[PDB]
Amino acid sequence: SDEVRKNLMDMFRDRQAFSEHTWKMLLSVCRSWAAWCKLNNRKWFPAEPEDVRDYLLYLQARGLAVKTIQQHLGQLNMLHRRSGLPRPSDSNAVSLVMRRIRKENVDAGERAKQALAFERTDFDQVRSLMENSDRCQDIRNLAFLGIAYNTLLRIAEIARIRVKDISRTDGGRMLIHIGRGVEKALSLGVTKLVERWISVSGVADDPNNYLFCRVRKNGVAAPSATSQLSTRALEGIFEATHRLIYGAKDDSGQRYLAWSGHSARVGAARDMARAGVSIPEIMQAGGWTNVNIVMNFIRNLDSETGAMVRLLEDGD
Amino acid sequence: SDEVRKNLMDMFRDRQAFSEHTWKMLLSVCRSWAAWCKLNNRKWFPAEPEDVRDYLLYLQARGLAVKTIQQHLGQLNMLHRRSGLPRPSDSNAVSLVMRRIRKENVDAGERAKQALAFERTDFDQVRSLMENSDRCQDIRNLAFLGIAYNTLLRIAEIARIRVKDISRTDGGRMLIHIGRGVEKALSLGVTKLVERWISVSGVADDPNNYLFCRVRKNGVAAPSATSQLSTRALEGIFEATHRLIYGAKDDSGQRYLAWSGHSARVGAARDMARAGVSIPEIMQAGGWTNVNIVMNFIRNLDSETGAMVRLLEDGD
Amino acid sequence: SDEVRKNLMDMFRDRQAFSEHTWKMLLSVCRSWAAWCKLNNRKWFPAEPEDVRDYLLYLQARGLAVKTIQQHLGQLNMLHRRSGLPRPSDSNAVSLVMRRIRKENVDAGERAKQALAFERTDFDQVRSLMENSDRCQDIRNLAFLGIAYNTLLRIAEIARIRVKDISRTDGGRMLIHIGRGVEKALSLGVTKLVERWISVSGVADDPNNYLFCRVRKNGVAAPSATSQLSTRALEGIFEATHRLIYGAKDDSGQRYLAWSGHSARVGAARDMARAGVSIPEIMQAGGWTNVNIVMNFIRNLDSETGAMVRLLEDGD
DNA sequence: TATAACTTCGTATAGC
DNA sequence: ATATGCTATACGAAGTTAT
DNA sequence: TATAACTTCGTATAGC
DNA sequence: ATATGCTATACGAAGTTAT
DNA sequence: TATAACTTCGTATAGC
DNA sequence: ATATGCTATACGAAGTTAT
């Protein structure tokens, strides 16, 4: 909606105050809230608590996730916080509602989902199928999956690696520099996969080139120092790779039926936990600084570690 | 008190809103609060802050633990929260009090107790005395202690295991399914102890039978699919076993003089921590999802792990 | 300022209510706040929110750290909390300010500093230079550094160890008792360094003597059971030792250019994390009970542990 | 051209 | 067991190019 | 019957 | 270092059965 | 005496 | 990702002793 858009074209005096992704959500939420206000004849701004309360129930009644509802409330609070007005959340009507909503949804067995894990068994299998391939796409995709699994980097970080970010370390292994500002080390095998992609694509012809680039139907790579592969394409590589082994996905429309952008990070974190790796080393592997946050991420450890069986059988 | 009882027979429109144990405490607290109100001539409901404040001080002045006092305040807040009335806790008189109370009690050196640990040395010792026994009670009790230590399950969970929950895994070891929904793996030795109990008691004659059942003075087991051993009896097994090795307990009336229902969970958690097991694997062993919660549980690690001595002596 | 001093000579009915260090800070803050109030003509007590707000901005505008600003606000809240007056912090003007202040400072890239690490490589190097020394000062200093690194004890705890606190454990290693109430174990090598210091200084002539004592320019030790080395002298040993290997420090006036009192605790914690030691064992090594607190301490792990490279190369 | 292989986009929701 | 704030990924679909 | 071996119960308090 | 909400275990004692 | 080697002190800031 | 409360260390400098 322009009234919201045309206007949201206008305001918030200092752009760099919020992330672009953040601005996008504020706008989507504002469109939603505005449309609901229009249909139900309520005042859009400043919002009235009883109205916000009813709007949140409306989201819940349409099947939205608690995190989604928290998001809409979040933006509303923002919009408002910026023009110095009591945030909808500080109205006790909105507070009781978010509480009720959380409780029901939970008692409804609802819980935050998580990407389908791409683990070491998955990596070895894909490597089995793909390693001998002479297809440019396969060479690129396999290097991408190796990095994703080895480094646990998010797709947006991987899309932004430039050739100059790569250096060598112990044994010839590659080291990838990630700016705000760490260095990610690759194994000999993954370094080898990346070296192949680099050699075939010619990305190293200009050190400012992004490590990964498009590969057209012709099989011709298009190195570039100004254009990154979208995070959407990187998610597509995970999806394609899944299709390759398992065929097309069930038409349920449910999320996570195939690997996605977060799959290798989810998978590698579970593998480290399953292997008895300590928390600090797991934290370093994925760049976490909060233990609570890392443990929530690995809440779906998916194999039995049998620490008590091992102790009782004394190792064995 | 019936006024509280006879009435607490009446209300709270949807039972399944609170756990039965929860209802029990609400009632005990209500009886306490009502009696105090009666003796001191105060209004029981709705409660007045200054009165709640004085009632909490009364609990403290009678030697109750902070967790106990928090409990009584907790129920009072509830009773009240349900009929939409400011919770006693939101009165600043009650807030300052709980704060003062916590500080003094603490400065008084008071700290949350913990069950006497039943550890691997304890398990091996009991196994030494009991393993050759031909007494039905000993066969049952030793299997119970093996499961408790190996699985870290709470007594209420152990009381509810049915024979059909048991399956086999790698090596013939048993796997015990625990519904809301995990699988607990037993060592070869504990599986063997459980197999013996199963074989002698005949519980496996009906898969719906609870794994553990009563054993009368005659030595005749009474398998059942409708009646569980009480958690009280399971605590009694820990107590009896302690008496067996250490004689009767000192008459101080202090808690935790003998092993209790939580002993093997406390003990096994300390053993895993002492053996250098990682946190995620310790969490999986006992079913924890919050790191803070697992670490508070293992706050009494009771042997020196000497990580710095090992590093300095380089392992050794 | 006496008005603040001469008066802060007077009040707070029960000294042992706050730590002496705490009283010192309250006084320094009160002097600061009073001087600012004087210069700017504002009322010192009870403080007005708008005034506190401006005073905090004044601290920020003079380049102070967020933790420093929180400190001044902290004492102000105290002074006030004690005479039952709304704490400056409960004024929304002070709340918004602390929030704004935290955000800017952060966005300014400001982050809590940490002592320069004294790690195992540092300990081995210093031991290389110093171990053959016949200088009383070197013998004492090397034992001090060994204890600091091995035990992770704070300088105030080390200053207070008395000879009677020392006992022997497995292998002749020393055990040091630390009262509120743990036992710190020393390696064979560090025990040996401590034994030498003990033998040369004669501190063991009276078991009540503090383990570490002054060593005058003459090289004559002064054992004592009533006087401890100051924590300032212990920090000086770290500084001197750093100078010994690296020369004098850059005149930038920046903190942490040389080792300080917390260096060996920072260093040993990083070494344990880097060696794959589990969190509970790291917690026991340094006396931590909160996982969050231990992880924040080790937020600067300074070598690559390569958990994913190891897994991929399968250990190797 | 058809099309592979992307890119952009908006709502939904996980993770730091 | 836990609440809120900001920024990321998820993914169907519609738009874009160089075949 | 006496009694072992439970079960139920209420207040107290640990743990998720 | 930390507060509150809900549900568990702790345990003496009194009630129950099948000896 | 000069001085090493401390101690005390006040403001600044990390860590429990 | 996070706020507040209390107690520690950081360190330049000025004061103290026994050389």
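Below, read A as the first sequence line, B as the second, and so on, with proteins coming before strands; counting in each chain starts at 1. Values below: all heavy atoms of this structure, side chains included; hydrogens, waters and symmetry mates excluded.
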Bracket notation of DNA chain F in which parentheses pair within the strand, [ ] cross earlier pairs, and | pairs with another strand (Watson-Crick or G-U, under 3.5 Å): .|||||||||||||||
Contacts of type side-chain contact (heavy atoms from CB on, under 4.5 Å), residue B:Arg216, not counting sequence neighbours: B:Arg214
[X]: partners by salt bridge (charged side-chain N to carboxylate O under 4.0 Å, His left out), with sequence neighbours left out:
X	value
B:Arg82	none
C:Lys24	none
A:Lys103	A:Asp107
B:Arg99	none

Between the protein and nucleotides 1-3 of chain D, which nitrogen or oxygen pairs come in under 3.5 angstrom?
| unit_1 | atom_1 | unit_2 | atom_2 | d |
| --- | --- | --- | --- | --- |
| D:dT3 | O2 | A:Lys217 | NZ | 2.3 |

What residues, two or more places apart in sequence or in another chain, satisfy side chain to side chain donor-acceptor pair (under 3.5 Å) together with [X]?
X	answer
A:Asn77	A:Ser89
A:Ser32	A:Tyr55
C:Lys217	none

5' to 3' contact window, DNA chain E with chain A (heavy-atom distance under 4.0 Å): E:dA3 to E:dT19
Protein proximity profile, nucleotides 7-16 of chain D - base contact B, sugar-phosphate-only contact S, no contact -, cut-off 4.0 Å on heavy atoms: BBSBBBBBSB
Sugar-phosphate, base or nothing in reach of B:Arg82, heavy atoms under 4.0 Å: nothing
